[PDB]
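Student: Got a sequence here, can you build the structure:
(one chain, ligands or ions: 2)
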Amino acid sequence: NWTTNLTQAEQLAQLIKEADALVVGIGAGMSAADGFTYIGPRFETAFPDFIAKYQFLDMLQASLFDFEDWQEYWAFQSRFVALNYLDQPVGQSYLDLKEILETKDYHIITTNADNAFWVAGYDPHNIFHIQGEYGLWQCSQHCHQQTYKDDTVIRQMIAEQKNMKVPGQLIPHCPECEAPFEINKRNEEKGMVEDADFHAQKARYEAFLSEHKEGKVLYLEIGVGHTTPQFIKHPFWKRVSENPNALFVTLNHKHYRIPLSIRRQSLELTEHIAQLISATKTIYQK
Ligand SMILES: NC(=O)c1ccc[n+]([C@@H]2O[C@H](COP(=O)([O-])OP(=O)(O)OC[C@H]3O[C@@H](n4cnc5c(N)ncnc54)[C@H](O)[C@@H]3O)[C@@H](O)[C@H]2O)c1
Ligand SMILES: [Zn+2]
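Tutor: Numbers count the residues shown, from 1 in each chain. Ligands and ions are numbered 1, 2, ... in the order given. Structure as follows:
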């Protein structure tokens, strides 16, 4: 039973049923599987002006670009926040996953910063947004550990911008140091503003892990790649190595080489995440 000839969905369903607890790591693949993609027509349709000017290949690259000024930065980011946070509809795979998780003891860690868990109605106390959220702002100088939000201003920036610039007076500023706000995002050089809410999520996640150091714990990694493996992928590998009774299951249509220590505790399921989660739900429910 607890081991790594069945379909992928059958195998996953059985493992979930058997597990004492689930630690679920969710990356960009899960949102891309529901159509919330960062390259191709979705990106091209939303940012024809920015693409024509800078020859951006994809939306992740664009979102990290050092724009000429803050007027251009906010012209891009306001539209980016609308597409991926304010107006992004619920994804069916997030609903399917939620139905499965209802009967399990679980916690989610995610590197995603979109709205996907909120529009799907997950309990915020069960989710750790380790890379922040696009709907939040931070001081560009990180002068104090507090995040801010104002969706009304985001809408005004979309409405009022022209020729890829927001009007000067709409750029929001840090009330402590007067530097411009930027999106709450993590950066290798500067890090990320990590406020009281962030630390509360982190503590909740860490408490869950402290409770499940032993037993049949399923570390379920969904749509996590090589862009930032230090957040979910590597820590999960280490957890599984540390607990001989744990399993590592990754839902990814690409194969990432698993370390020697956990070769016997690993399963890789390659089917398209959306279809896989859907078929697993159907089997699990019965
Ligand atoms: N939705 C978001 O919020 C978003 C989107 C892009 C990037 N980011 C940021 O950039 C980094 C991205 O890293 P990452 O590891 O999350 O993503 P990644 O792009 O590095 O890896 C995504 C993985 O999912 C797989 N995948 C994609 N579609 C799939 C499908 N239909 N079925 C099965 N597998 C599929 C890919 O093969 C890939 O291995 C994160 O740190 C994050 O903060 C966030
Ligand atoms: Zn400041």
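Student: from what I can see residue 231 touches residue 131, true?
Tutor: Yes: between residue 231 and residue 131 there is a contact under C-beta atoms under 8 Å: 7.0 Å. Just so you know, the C-beta spots here come from the backbone N, C-alpha and C atoms, and that holds for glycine as well.
Student: contacting residues around the residue nearest the centre of the chain?
Tutor: Closest residue to the average C-alpha location of the chain: residue 112 at 1.4 Å, with C-alpha atoms, centre = their mean. Residues counted as contacts of residue 112 (C-beta atoms under 8 Å, 6 or more residues apart in numbering) are 26, 27, 28, 30, 31, 129, 131.
Student: Could you check how far the second one is from ligand 2?
Tutor: In this case it means residue 27. Using C-beta to the ion, to the nearest Å, one obtains 30 Å as the distance from residue 27 to ligand 2.
Student: where does that residue fall, phi/psi-wise?
Tutor: phi -120, psi -170 (degrees, to the nearest 10).
Student: mind listing what it touches?
Tutor: 110, 111, 112, 221, 222, 223, 224, 225, 232.
Student: Next, the closest residue to it other than its chain neighbours: secondary structure please.
Tutor: Distances taken as C-beta to C-beta, 6 or more residues apart in numbering put residue 224 closest to residue 27, at 3.5 Å, once the chain neighbours are dropped. State at residue 224, reduced to three classes by DSSP: H, G, I helix; E, B strand; the rest coil: coil.
Student: one step back: mind listing which of the contacts of residue 112 are in strands?
Tutor: Assigned to strands by DSSP state E, the following of these qualify: 26, 129.
Student: Let me know the closest of the contacts of residue 112 to ligand 2.
Tutor: Closest approach to ligand 2 among these (C-beta to the ion): residue 131, at 20.7 Å.
Student: The stretch 151-286 of the chain: helices as residue ranges?
Tutor: Ranges of helices within the stretch 151-286 of the chain are 151-160, 196-211, 233-242, 273-285, based on DSSP state H, counting those that start in this stretch.
Student: List just the one of the ones you listed that sits closest to ligand 1.
Tutor: Among these, helix 273-285 comes nearest to ligand 1, with 3.7 Å by C-beta to the nearest ligand atom.
Student: coming back round to it: for the residue nearest to the centre of the chain, helix, strand, or coil?
Tutor: The local conformation at residue 112, judged by three-state DSSP, is coil.
Student: Number the chain from 26, please
Tutor: Okay, residue one is now 26; in that scheme the one you just asked about reads as residue 137.
Student: For it, grab phi and psi.
Tutor: Backbone torsions of residue 137, given as degrees, to the nearest 10, read phi -70, psi 150.
Student: distance of the nearest residue to residue 88 once chain neighbours are set aside from residue 221?
Tutor: Computed as C-beta to C-beta, 6+ apart, the closest residue to residue 88 that is not its neighbour in sequence is residue 105, at 5.8 Å. To residue 221, residue 105 is 26 Å away according to C-beta to C-beta, to the nearest Å.
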